[PDB]
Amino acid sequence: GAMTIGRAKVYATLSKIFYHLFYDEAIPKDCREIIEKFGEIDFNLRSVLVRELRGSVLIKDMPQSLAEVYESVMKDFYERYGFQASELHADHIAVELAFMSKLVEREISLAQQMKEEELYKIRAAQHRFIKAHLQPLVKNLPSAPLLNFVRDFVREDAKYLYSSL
């Protein structure tokens, strides 16, 4: 219901914002206003910074052996749920957020089709994805209003999923 729709919207909206910042494009006012519903916020992050918000870059504790194959690790997870990374490295924050929005969009339908077992499985996949990939990425973000918002959202979403599981 309402919760699932909302989660999908936040993930999709954050993803789109990072894609625009990546290419040094203005954020559509439609996207801004969505995040501005939470209140006023600064959307000014340098494209040079945004381009490098990748898991294998931000996570300094990542072993070189893992960082060298991390794209394939990400793509293996994505392919399992029929997702393909658009344009950017598979471990880029924008792509990871887009993948979450897609998992949550599938959850919306499964909840209303009342498919209990598949609903548990999709939520379990979301939590697995956050624990393995997205949360480690976001915990290593530098401090900025947009990035802190993403931190807060992902932290609270994983708690939500853990409790629902």
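A residue's number is simply how far along the shown sequence it sits, counting from 1.
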- Unresolved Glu52 in a third or more of other entries flanked by modelled residues: no
- Residue gap status of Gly39, at least a third of other entries: yes
- Task: Would you mind comparing 105 to 113 and 133 to 141 for me and telling me which has the higher average C-alpha temperature factor in the entry?
- Result: 105 to 113
- Query: Looking only at CA atoms, which has the higher mean B factor in the entry: 121 to 129 or 35 to 43?
  - Reply: 35 to 43
- Item | Candidate residues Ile27, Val50, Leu58, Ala98, the one whose C-alpha B factor the record puts highest | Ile27
- C-alpha B factor of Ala8, ranked within the chain: lowest, middle or highest third? lowest
